[PDB]
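Okay, structure first, notes after.
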Amino acid sequence: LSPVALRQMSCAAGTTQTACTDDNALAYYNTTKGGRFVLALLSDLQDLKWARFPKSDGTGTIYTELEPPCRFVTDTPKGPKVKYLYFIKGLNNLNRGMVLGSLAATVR
Amino acid sequence: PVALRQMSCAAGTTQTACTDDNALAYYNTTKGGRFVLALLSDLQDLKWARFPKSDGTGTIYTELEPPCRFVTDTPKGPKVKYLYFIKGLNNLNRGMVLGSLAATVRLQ
């Protein structure tokens with residue numbers, strides 16, 4: 001599925017599945033007709049293992065576990081600020097590259 | 001976390017026909033030169049890519065995969081661009097390019 005399909009929105013992550021404070025991370029996802037496929041998260045925080053995204057073709061939300069994070073330091077106007085990138089568990093090399101691609105390909 | 005940069009380069013239908021800047025090369029930095037991952041071009045018949053070398057020991061000729069169509073929005077209306085991966089480029093790196101491509105040109 002094409003790279004024109006990849007966009008971003010903030011969403012809700014958590015140490016546990018219950019503790020998903022709304023909107024504390026950026027999520028990379030692909031849109032298609034009617035729903036979405038989240039692929040990875042970017043957050044200020046390093047302890048995350050759960051992700052809460054809108055249910056495709058429905059009202060409501062999904063919860064799927066994350067990989068161990070990927071630590072990057074980005075250049076900010078507030079001095080360097082360190083971010084964490086979580087992929088969805090088992091994300092294939094192409095799609096990882098697409099987010100790494102796009103990520104290095106929008107900041108720093 | 002490895003930023004992708006652009007540069008004009010030479011490409012052509014055959015190693016000898018590579019005469020002089022009709023293509024755009026996405027490349028990396030690998031501790032002693034630049035590593036090229038793919039090219040983008042108006043021309044659809046390209047098969048080879050001509051690069052000199054930091055030193056100038058002479059020049060490297062790399063093969064290309066078959067192109068992929070992408071129509072781009074430009075001031076001068078729409079322009080169609082073809083994206084050639086260098087032959088034998090693994091999946092992570094293709095993703096990195098495609099993620100980057102969507103950040104650097106007006107796809108769709």
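At-a-glance table
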quantity	calculated
Test: residue in the range A:75-82 that is assigned to a loop (DSSP other than H, G, I, E, B) and β-branched (V, I, T)	yes
Answer residue from the range B:21-43, given it is assigned to a loop (DSSP other than H, G, I, E, B) and among the small types (G, A, S) and is nearest to B:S8 (Cα to Cα) among those	B:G33
Qualifying positions in the range A:69-108 - among the β-branched types (V, I, T) and at the interface with chain B (Cβ under 10 Å from one of its Cβ atoms)	A:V73, A:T74, A:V99, A:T106, A:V107
Given (1) in contact (Cβ under 8 Å) with a residue 12 or more places away in the chain; (2) outside any loop (DSSP other than H, G, I, E, B), index of the condition A:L94 fails	(1)
Scan of the range B:97-108 for residues that are touching a helix residue (DSSP H, G or I) at 6+ places or on another chain (Cβ under 9 Å) and part of a helix (DSSP H, G or I), ordered by number	B:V97, B:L98, B:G99, B:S100, B:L101, B:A102, B:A103
Criterion violated by B:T57 - all others in (1) closer than 21 Å to A:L39 by Cβ; (2) loosely packed, with under 14 Cβ neighbours inside 10 Å satisfied	(1)
Test result for B:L46, surrounded by 14 or more Cβ atoms within 10 Å (Cβ to Cβ), in a loop (DSSP other than H, G, I, E, B) and within 11 Å of chain A (Cβ to nearest Cβ)	no
Single unsatisfied condition, A:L41 versus (1) in contact (Cβ under 8 Å) with a residue 12 or more places away in the chain; (2) under 23 Å from B:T104 (Cα atoms); (3) within 14 Å of chain B (Cβ to nearest Cβ); (4) of a type outside the set (S, T, N, Q)	(3)
Selected residue (criterion: nearest to the chain's Cα centre (by Cα)) from residues of the range B:4-38 that are within 14 Å of chain A (Cβ to nearest Cβ) and surrounded by 14 or more Cβ atoms within 10 Å (Cβ to Cβ)	B:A38
From the options A:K78, A:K83, A:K49, A:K55, residue that is closer than 16 Å to B:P1 by Cβ and out of contact with any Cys (no Cβ under 8 Å at 6 or more places or on another chain)	A:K83
Residues (within 14 Å of the chain's Cα centre (by Cα) and either at positive phi or in contact (Cβ under 8 Å) with a residue 40 or more places away in the chain (or both)) located in the range A:55-75	A:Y63, A:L66
Failed item, numbered, when B:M7 is tested on (1) within 22 Å of A:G101 (Cβ to Cβ); (2) out of contact with any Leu (no Cβ under 8 Å at 6 or more places or on another chain)	(2)
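Neighbour counts run over all protein chains shown; Cβ positions are idealised from the backbone, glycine included. Quick note: the coordinates plus some simple rules give every number you see, no bench work behind them.
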